[PDB]
Amino acid sequence: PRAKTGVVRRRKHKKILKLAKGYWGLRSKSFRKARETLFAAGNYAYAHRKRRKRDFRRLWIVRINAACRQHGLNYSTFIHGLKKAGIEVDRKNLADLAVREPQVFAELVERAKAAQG
Amino acid sequence: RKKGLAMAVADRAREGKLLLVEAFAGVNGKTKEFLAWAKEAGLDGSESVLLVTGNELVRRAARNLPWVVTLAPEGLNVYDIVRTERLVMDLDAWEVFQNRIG
Amino acid sequence: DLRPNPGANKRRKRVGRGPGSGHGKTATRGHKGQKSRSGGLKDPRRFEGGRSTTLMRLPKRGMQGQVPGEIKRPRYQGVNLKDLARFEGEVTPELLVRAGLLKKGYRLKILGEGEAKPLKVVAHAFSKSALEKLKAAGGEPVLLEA
Amino acid sequence: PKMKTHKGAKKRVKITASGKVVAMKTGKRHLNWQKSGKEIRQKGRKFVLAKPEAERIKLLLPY
RNA sequence: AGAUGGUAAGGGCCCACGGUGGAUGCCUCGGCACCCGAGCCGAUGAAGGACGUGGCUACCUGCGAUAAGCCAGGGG
RNA sequence: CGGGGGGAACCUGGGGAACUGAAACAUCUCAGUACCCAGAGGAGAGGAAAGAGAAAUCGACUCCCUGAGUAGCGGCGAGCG
RNA sequence: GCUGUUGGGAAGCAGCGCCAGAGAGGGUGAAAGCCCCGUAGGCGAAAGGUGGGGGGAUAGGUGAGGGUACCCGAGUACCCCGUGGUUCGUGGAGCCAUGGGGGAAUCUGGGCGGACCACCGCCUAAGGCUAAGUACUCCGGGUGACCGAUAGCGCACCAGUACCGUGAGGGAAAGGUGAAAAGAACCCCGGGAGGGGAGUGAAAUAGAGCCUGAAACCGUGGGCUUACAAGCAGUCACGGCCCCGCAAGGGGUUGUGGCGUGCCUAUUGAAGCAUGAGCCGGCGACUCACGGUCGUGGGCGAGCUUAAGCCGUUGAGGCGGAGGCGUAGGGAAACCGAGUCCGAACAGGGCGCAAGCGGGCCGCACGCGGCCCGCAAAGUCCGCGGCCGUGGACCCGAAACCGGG
RNA sequence: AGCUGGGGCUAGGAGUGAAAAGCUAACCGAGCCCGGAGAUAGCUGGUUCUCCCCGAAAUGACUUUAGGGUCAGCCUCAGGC
RNA sequence: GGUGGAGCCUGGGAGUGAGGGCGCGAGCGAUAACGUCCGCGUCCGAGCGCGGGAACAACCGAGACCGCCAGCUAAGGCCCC
RNA sequence: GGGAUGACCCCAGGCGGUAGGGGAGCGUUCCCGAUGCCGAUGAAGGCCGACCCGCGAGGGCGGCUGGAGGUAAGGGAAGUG
RNA sequence: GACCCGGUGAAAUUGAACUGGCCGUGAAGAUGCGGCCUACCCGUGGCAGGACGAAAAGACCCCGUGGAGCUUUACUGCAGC
RNA sequence: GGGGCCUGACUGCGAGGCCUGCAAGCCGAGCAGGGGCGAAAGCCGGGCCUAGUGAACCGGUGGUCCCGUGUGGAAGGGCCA
Numbered sequence: 002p003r004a005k006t007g008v009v010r011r012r013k014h015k016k017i018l019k020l021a022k023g024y025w026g027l028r029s030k031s032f033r034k035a036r037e038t039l040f041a042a043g044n045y046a047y048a049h050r051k052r053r054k055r056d057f058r059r060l061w062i063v064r065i066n067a068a069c070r071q072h073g074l075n076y077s078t079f080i081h082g083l084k085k086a087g088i089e090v091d092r093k094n095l096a097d098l099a100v101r102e103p104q105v106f107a108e109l110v111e112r113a114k115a116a117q118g
Numbered sequence: 106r107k108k109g110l111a112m113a114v115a116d117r118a119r120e121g122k123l124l125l126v127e128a129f130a131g132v133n134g135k136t137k138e139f140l141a142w143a144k145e146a147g148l149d150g151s152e153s154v155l156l157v158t159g160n161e162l163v164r165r166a167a168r169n170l171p172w173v174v175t176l177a178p179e180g181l182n183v184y185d186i187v188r189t190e191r192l193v194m195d196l197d198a199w200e201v202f203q204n205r206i207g
Numbered sequence: 005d006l007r008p009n010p011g012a013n014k015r016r017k018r019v020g021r022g023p024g025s026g027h028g029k030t031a032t033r034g035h036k037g038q039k040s041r042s043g044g045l046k047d048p049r050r051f052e053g054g055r056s057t058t059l060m061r062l063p064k065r066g067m068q069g070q071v072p073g074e075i076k077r078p079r080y081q082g083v084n085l086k087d088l089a090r091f092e093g094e095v096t097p098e099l100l101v102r103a104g105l106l107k108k109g110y111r112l113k114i115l116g117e118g119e120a121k122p123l124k125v126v127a128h129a130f131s132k133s134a135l136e137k138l139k140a141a142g143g144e145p146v147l148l149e150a
Numbered sequence: 002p003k004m005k006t007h008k009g010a011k012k013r014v015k016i017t018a019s020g021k022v023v024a025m026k027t028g029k030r031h032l033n034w035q036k037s038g039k040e041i042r043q044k045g046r047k048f049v050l051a052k053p054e055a056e057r058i059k060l061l062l063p064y
């Protein structure tokens with residue numbers, strides 16, 4: 002038998018060419034250029050999936066800060082109230098209360114800074 | 106090459122597909138002649154058969170048949186026994202079978 | 005038994021070991037990654053370093069033979085009456101070779117251990133101590149060959 | 002093709018039943034000029050290891 | 001005093017359709033191996049060729065100034 | 001009457017390397033290999049014992065399996081056989 | 001073996017039959033034992049080779065004692081010197097060959113049995129001839145877990161050509177319309193080439209280096225997007241725009257903002273201003289053979305097992321015990337032997353051996369005999385797999401050596 | 001000791017050389033072609049699909065050895081304890 | 001005490017025998033070198049995977065099986081970027 | 001440890017990794033399976049696919065092209081990516 | 001000649017480019033890392049500082065138990081005498 | 001350091017260890033043979049101790065029971081030194 006290359010190659014090749022659509026220049030017309038670019042795309046994602054998770058913690062904290070500051074206090078003290086008080090709740094993500102329910106948020110602050118008095 | 110010859114003529118027996126004849130009324134070396142001899146035996150053509158008889162006259166017929174696999178006694182192997190669903194053997198080709206096995 | 009199923013047992017492992025691809029034994033080809041393993045090394049059954057092999061040990065076997073050749077000689081293959089108590093009646097070489105030991109291995113001695121059966125044992129020579137066991141019923145054929 | 006036994010080895014070391022390689026003690030074919038009987042005497046046979054393993058591999062056909 | 005839209009000479013990414021090109025599949029008048037068979041030609045001029053031969057004929061085959069053919073036997 | 005010249009491999013005879021191997025390298029190896037030359041044929045060579053070698057043995061020669069990597073040969077090296 | 005049916009076209013699907021010593025295979029508009037060529041099976045030569053396979057013909061050979069003592073292959077045997085052959089390399093070196101010197105004999109001879117000598121044996125040199133069994137494949141045929149146009153011979157095709165070289169020599173590329181030429185009348189633009197209709201075809205993005213027609217690469221059209229910008233070209237997060245959906249939701253694009261030092265190789269260390277690569281497609285590197293050694297699947301075990309070849313097939317197997325491993329080891333060897341070697345040593349010591357059983361089950365002898373089993377005491381045989389050895393042994397690559405021209 | 005046409009001889013360890021190791025068919029401290037040959041290359045380079053478990057070394061001895069090897073060290077797989 | 005991808009015995013297959021920074025104890029050097037040689041340890045090698053250190057193999061933190069628009073921290077930070 | 005051996009569920013640990021050891025898979029070509037089965041209502045190949053199964057290599061399935069070959073399970077070989 | 005227009009129309013090079021400066025850093029000489037500075041998009045004719053620019057697997061040096069030419073009271077042979 | 005006898009600077013072994021990749025190197029009680037010195041106990045297998053050295057292969061002299069290429073004996077070997 003003579004296992005000539007034939008079909009096999011040409012298939013895996015246009016398989017990477019597909020993953021590589023929308024790239025600049027040859028990054029999408031060359032298997033090689035593609036192959037590479039993809040590897041980078043491989044880790045850039047992987048890393049950013051973990052970054053994304055830290056990305057949004059920032060978004061939230063900055064907001065959370067800006068909200069309970071125009072009210073009366075800082076973010077350092079605010080998270081210590083919701084902690085000494087015992088309200089292991091909010092979760093910087095759900096602190097969108099500062100965006101939606103200011104009346105509900107303001108409540109937390111008041112029962113937060115009060116955790117100190 | 107023997108324990109494996111006997112064992113093949115074993116799973117042909119337990120299945121029942123084994124069967125040894127002795128006579129061949131419609132012989133004379135004609136297919137039309139043979140084709141009948143089967144029906145009046147249990148060989149409809151639904152089970153590829155292996156013919157192993159030391160009588161050329163009989164082969165003459167069985168030969169040109171699809172579901173039929175001619176042969177001869179001395180040439181009793183395992184590859185044919187297995188490739189064929191039902192096995193038929195004469196008492197003379199069977200006579201040697203054992204002389205070969207033990 | 006159906007035709008398409010006599011299948012190889014549970015260990016025919018045709019799994020060879022191709023060493024070319026990304027994962028598995030690969031690239032530098034499953035093994036090697038240095039040099040002097042590219043088409044051959046020296047041995048090592050007996051070679052290299054460049055030093056005294058280990059051929060520093062000398063030849064004892066004093067008699068590696070002159071040039072005419074090895075000298076023709078009667079070859080004695082001793083047997084144990086231990087392995088001899090497998091059959092009864094007449095015990096002579098020929099019925100011995102085609103049976104167990106010797107196989108044209110020239111002459112036949114006889115010694116062994118264990119209990120000996122009280123019969124006839126046609127041999128070329130008997131071991132002293134292992135012959136006192138035949139002093140408890142048995143035969144004693146000697147010489148022969150001409 | 003076939004394998005050739007190593008006469009060099011075959012001529013100087015004997016292989017025993019347990020599969021052990023045994024050869025004379027090296028150090029007395031002439032050294033001497035005075036070596037306290039003890040030395041010059043103390044010379045029967047001996048072994049090796051990882052080394053006799055290498056031998057047997059050359060005395061194949063001669064088992 | 002203020003602000004986000006818009007222009008595309010050209011370029012980029014995606015989709016469509018062609019072009020260039022001749023991979024892949026499928027083909028097989030060819031090759032490859034092994035086993036049988038069979039095994040010499042020549043001064044009666046061999047092997048291998050030059051030229052030439054067709055009504056018109058570049059070349060290949062084919063023959064040989066009897067020139068893609070001549071006699072005769074068989075065969076269809 | 002014959003020869004001359006040709007013929008893929010094969011064949012016999014007359015000549016006959018080196019690289020390599022020895023982890024350098026002279027003996028040794030490669031090797032009577034490649035190659036040149038002569039001859040012969042569908043084969044060629046060999047062939048009826050001034051043989052073998054230890055058996056009151058065997059009985060042309062060619063060829064295969066064994067003997068056998070034996071017996072030995074060997075800078076007793078490599079390796080040959 | 002015809003018919004109906006689908007279709008451009010049946011052999012497809014369908015109804016009912018039939019031949020078969022012939023259901024190999026090829027072709028026919030697609031896929032058919034029964035339509036065409038074939039196949040199994042059975043005949044055939046006036047001519048030319050082949051030809052004891054079978055009988056003749058002759059050639060030619062045909063006899064035993066007892067006496068002599070006439071012949072038994074010459075520059076030879078033989079010895080010495082120089083070499084070659086053999087496993088034999090100077091070795092204890094015989095044997096066989098022979099260049100040189102010397103140099104017999106005719107069986108009471110002479111050669112040989114590995115120096116030599118003595119016994120005991122073997123064979124007749126110096127003249128030829130000699131079938132069959134063995135080796136090879138230009139050509140012919142036959143099969144293929146052989147290739148399929150970068151493969152396979154260098155050549156599937158007008159190739160040892162074209163082309164290159166003074167020469168020896170080197171040495172290419174290049175296959176495919178369709179079932180059928182039915183290969184496109186004529187008309188329109190044009191000098192032509194090309195094309196647009198008409199026309200053939202089931203198909204013309206099958207229209208003539210024309211099946212398939214991939215990727216690189218080059219264009220037209222359209223959607224998203226960019227002229228205050230900064231980058232291994234992406235990734236993540238929002239947002240605008242276009243787009244298929246009944247919708248949760250999903251695509252394509254890219255405006256912001258976050259994070260990012262190509263691939264490979266070699267390296268203590270490479271984004272590296274180290275190596276390699278223009279891009280795509282195809283060719284492209286750990287194999288086989290025989291030994292060996294471990295593992296492992298089976299066969300059988302006081303054993304296991306065949307090799308060449310012979311009768312059988314022609315995808316069928318048997319037979320064949322020459323022989324090989326195993327059953328005992330120690331010693332240099334004679335040799336002894338569960339021992340043996342060293343030794344004076346019923347000191348010591350070095351290699352050695354001492355090898356079984358859970359028990360299925362059973363003659364119902366109150367015996368575990370003892371089959372069998374894991375497979376052994378213990379091993380062998382085949383398979384498969386790892387590594388080793390000899391081979392060009394993972395693939396490319398020298399400068400160089402040698403031989404004939 | 002001129003230059004030149006035509007006709008001829010000399011060649012690979014060889015020729016020829018008013019001598020440079022110059023010339024010997026556009027690269028001569030040993031021409032070219034084919035062959036031995038798939039020379040040897042302890043060197044450079046290259047070495048193809050996926051997934052899973054474990055995971056080194058760059059030290060010691062010796063080596064015409066020093067960027068190569070052999071044994072040990074360190075890793076892994078199977079069995080045992 | 002210690003059940004750990006600890007050990008110990010037999011066997012198959014290995015790769016590695018060019019190391020590097022740092023700390024500590026020495027030699028060499030000039031108590032010069034991103035120097036050089038040993039020793040104990042560590043890390044990179046192979047963790048150029050992630051955080052801090054502006055950037056940065058080996059310094060501080062810490063051994064990355066996958067996914068999460070959830071939380072506590074290490075080093076290092078909390079005026080803006 | 002379950003143990004109606006139930007390789008189907010529970011309890012607790014492990015899972016960065018180069019040279020390398022080891023373990024299971026995917027695809028290619030050819031072979032038995034085959035006088036069988038897919039097929040012109042459309043083979044292999046090709047072109048798309050945001051859909052389906054696998055961690056992956058891959059595999060299905062649908063539309064278009066294309067116009068004649070293709071070949072399951074289960075295995076077997078090797079010019080196998 | 002170069003430059004503009006009509007006609008024909010190459011080449012080495014070429015990982016892919018969306019390819020600025022400065023301090024610094026980094027395998028010690030960065031368009032590509034960090035900080036800051038600049039900077040609308042695209043060409044045409046010029047200049048040669050950088051892309052450790054092109055070309056040539058450094059001609060120097062070392063290494064290889066590599067190769068060749070040459071020498072001699074190196075070894076060992078041979079032609080010749 | 002002096003003296004008297006002496007030759008144990010023994011033959012055949014060697015339990016058990018130091019050291020170590022290999023092979024080497026080193027220590028050694030104890031048993032037997034036959035001895036020295038001592039009343040005896042006992043000590044003596046060279047030297048107060050650590051350097052004073054060289055695998056194998058090839059050969060030479062002794063010895064010796066081993067092999068002696070058809071037999072006897074040789075040639076030639078083997079073993080111990």
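Residue numbers (the authors' numbering), protein chains in the order written: chain BU, 2 to 118; chain BF, 106 to 207; chain BP, 5 to 150; chain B8, 2 to 64. The beta carbon of each residue, even a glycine, is placed where N, CA and C say it ideally should be.
Q | Within chain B8, partners of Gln70 (chain BP) - CB distance below 7 Å | A | Residue mapping note: residue 70 (chain BP) aligns to position 66 of the third sequence, counting from 1. Chain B8 residues near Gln70 (chain BP): none, gap ~14 Å exceeds 7 Å.
**Q.** Span separating the alpha-carbon of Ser29 (chain BU) from that of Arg53 (chain BU)
**A.** Here residue 29 (chain BU) refers to the residue found at position 28 of the first sequence. Here residue 53 (chain BU) refers to the residue found at position 52 of the first sequence. Those two C-alpha atoms are separated by around 27 Å.
Q.
Applying the 10 Å Cβ sphere with the 16-neighbour rule, what's the burial state of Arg117 (chain BF)?
A. As a first step, residue 117 (chain BF) is located in the second sequence; it is residue number 12 there, counting from the start. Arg117 (chain BF) is buried by the Cβ-count criterion.
Q. In the DSSP assignment, what are the bridge partners of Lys124 (chain BP)?
A. Within the third sequence, residue 124 (chain BP) is the residue found at index 120, counting from 1. Bridge partners of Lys124 (chain BP): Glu94 (chain BP).
Q | Every unbroken beta strand (DSSP E) inside the segment 2 to 49 of chain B8 [3 residues or more] | A | none
Q: Residues of the segment 43 to 61 of chain BP with a CB closer than 8 Å to any CB of chain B8: list them in chain order, please.
A: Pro48, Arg49, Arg50, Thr58, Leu59, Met60 and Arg61
(Q) Within a Cβ cutoff of 8 Å, which residues of the same chain sit near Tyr76 (chain BU), ignoring the five residues on either side of it in sequence? (A) To locate residue 76 (chain BU), count along the first sequence from 1; it is residue 75. Contacts found: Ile62, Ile65, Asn66, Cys69 and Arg70.
Q.
Using a 10 Å radius around the Cβ and a threshold of 16 neighbouring Cβ atoms, would you call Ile206 (chain BF) buried or exposed?
A. In the second sequence, the residue the question calls residue 206 (chain BF) occupies position 101. Exposed, because fewer than 16 other Cβ atoms sit within 10 Å of the Cβ of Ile206 (chain BF).
**Q.** Touch test, the segment 85 to 102 of chain BP against the segment 116 to 125 of chain BP, Cβ-Cβ under 8 Å, three pairs minimum
**A.** yes
Q | Residues of its chain near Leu61 (chain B8), where Cβ-Cβ distance is below 8 Å and the 5 sequence neighbours each way are ignored | A | To locate residue 61 (chain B8), count along the fourth sequence from 1; it is residue 60. Correct list, in chain order: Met4 and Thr6.
Q) Exposed or buried, which one is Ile186 (chain BF) when buried takes at least 16 other CB atoms within 10 Å? A) Taking the first residue of the second sequence as 1, we reach residue 186 (chain BF) at position 81. The residue is buried, with at least 16 neighbouring Cβ atoms inside 10 Å.
Q.
Out of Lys93 (chain BU), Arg3 (chain BU) and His72 (chain BU), which one is the CA nearest neighbour of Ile80 (chain BU)?
A. Working through the first sequence from its first residue, we reach residue 80 (chain BU) at position 79. Here the closest residue by C-alpha is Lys93 (chain BU).
Q. If the cut is a Cβ gap below 9 Å, which residues of chain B8 does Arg65 (chain BP) touch?
A. Taking the first residue of the third sequence as 1, we reach residue 65 (chain BP) at position 61. Within 9 Å Cβ-Cβ: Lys11, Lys12, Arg13, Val14 and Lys15.
Q: Hey, could you find the ends of the alpha helix (DSSP H) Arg191 (chain BF) is sitting in?
A: Numbered from its first residue, the second sequence carries residue 191 (chain BF) at position 86. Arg191 (chain BF) -> not in any alpha helix (DSSP H); beta strand (DSSP E) instead, spanning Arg191 to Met194.
Q) Do we get a CB-CB distance below 7 Å when we pair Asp185 (chain BF) with the residues of chain BP? A) Taking the first residue of the second sequence as position 1, residue 185 (chain BF) is located at position 80. By this cut-off, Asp185 (chain BF) is not an interface position.
**Q.** Contact set between the segment 16 to 31 of chain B8 and chain BP, restricted to residues whose Cβ is under 8 Å from the partner
**A.** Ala24, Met25, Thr27 and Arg30
Q) the segment 113 to 136 of chain BF: which residues have C-beta closer than 8 Å to a C-beta of chain BP, in chain order? A) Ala113 and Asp116
Q | Length at least 4, wholly inside the segment 61 to 118 of chain BU: the alpha helix (DSSP H) runs in chain order | A | 76 to 85, 92 to 95 and 103 to 114
**Q.** Where residue 153 (chain BP) sits in the DSSP three-state scheme
**A.** Nothing can be reported for residue 153 (chain BP): it is not among the residues displayed for chain BP, which extend from 5 to 150.
Q: Taking only runs that begin and end inside the segment 150 to 187 of chain BF, name each unbroken alpha helix (DSSP H) of 4 or more residues, in chain order.
A: 161 to 167
Q | From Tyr64 (chain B8), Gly45 (chain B8) and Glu54 (chain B8), residue whose alpha carbon lies closest to that of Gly28 (chain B8) | A | Translated into the one-based positions of the fourth sequence, residue 28 (chain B8) becomes position 27. Ranking the options by Cα distance to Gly28 (chain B8), first place goes to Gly45 (chain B8).
Q: Identify the contact partners of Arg7 (chain BP) in chain BF, using a Cβ-Cβ distance below 7 Å as the criterion.
A: Position 3 of the third sequence, counted from the start, is the residue given in the question as residue 7 (chain BP). The answer, in chain order, is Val187 and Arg188.
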